[PDB]
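Counting neighbours? That spans all protein chains shown, and the Cβs are built from the backbone with ideal geometry, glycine included. Any read-out appearing in this document is the output of simple, stated calculations on the displayed coordinates, not a laboratory observation.
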2 protein chains.
Amino acid sequence: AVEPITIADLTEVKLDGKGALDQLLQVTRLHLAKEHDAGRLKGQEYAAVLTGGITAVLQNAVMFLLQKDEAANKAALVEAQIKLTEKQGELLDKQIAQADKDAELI
Amino acid sequence: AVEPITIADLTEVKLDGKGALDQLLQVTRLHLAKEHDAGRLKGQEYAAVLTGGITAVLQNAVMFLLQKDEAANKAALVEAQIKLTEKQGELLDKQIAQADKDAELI
């Protein structure tokens, strides 16, 4: 169950790839494109914003990939522990009555 | 019970998608649109604010997705432990009386 996360997983070199960096850049491009299509951006702020954003987007994507997968696993582990505590509580509920019946042997 | 959070979960590439980034951008757009509809914004501050916000919104969404799911699981685990401590307290309440009755065997 060990899928090795690789540079290909982060980003393949193609512009239209499926890497996380690639798709974040694509969505940024779409938002800027709609903004320019409406009368609100010239063709130069479009480049300025993207170039400014590149490194921050990279850092965020790197942060995302490392912590992404294991969080769901942690949550499932927690809910399994929830059920386990349910059962321990039930056993102790049995325990009190068992001891109370055991009282008079002494 | 392991749903793998993916890039699609974070954001699909479409503008009108259901990704967290997409919906945060949509709500920001709605607030700015109402502000412009009232006589309070020109069509250029609208672009300036959005472009400035992009990366901060991205960072906040990434922070949100990782910690979102497991918090509820942690809370449920805590309340299960609450019930467990209830039962342990009851058992010890049985314990004191048991020992007091056991006193004279020595």
The number of residues in segment B:1-36 that are part of a loop (DSSP other than H, G, I, E, B), of a type in the set (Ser, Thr, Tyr) and out of contact with any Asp or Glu (no Cβ under 7 Å at 6 or more places or on another chain) is 1
Considering only segment B:37-57, I want to know if a residue exists there that is in a helix (DSSP H, G or I) and in contact (Cβ under 8 Å) with a residue 40 or more places away in the chain. no
Please find, within segment B:93-106, the residue that is nearest to A:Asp93 (Cα to Cα) out of those that are at the interface with chain A (Cβ under 7 Å from one of its Cβ atoms) and within 49 Å of the chain's Cα centre (by Cα). B:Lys94
Taking the condition of being exposed (fewer than 14 other Cβ atoms within 10 Å of the Cβ) and farther than 19 Å from B:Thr28 by Cβ, how many residues in segment A:19-43 meet it? 3
Condition set acidic (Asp, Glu) and crowded, with 16+ Cβ neighbours inside 10 Å, scope segment A:44-92, selection farthest from the other protein chains (Cβ to nearest Cβ): answer is A:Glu45
Just wondering, is there one or more residues in segment B:3-14 that are more than 30 Å from A:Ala48 (Cβ to Cβ) and more than 7 Å from chain A (Cβ to nearest Cβ)? yes
Residues located in segment B:34-57, provided they are among the aliphatic types (A, V, I, L, M), out of contact with any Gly (no Cβ under 9 Å at 6 or more places or on another chain) and farther than 12 Å from A:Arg40 by Cβ: B:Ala38, B:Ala56, B:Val57
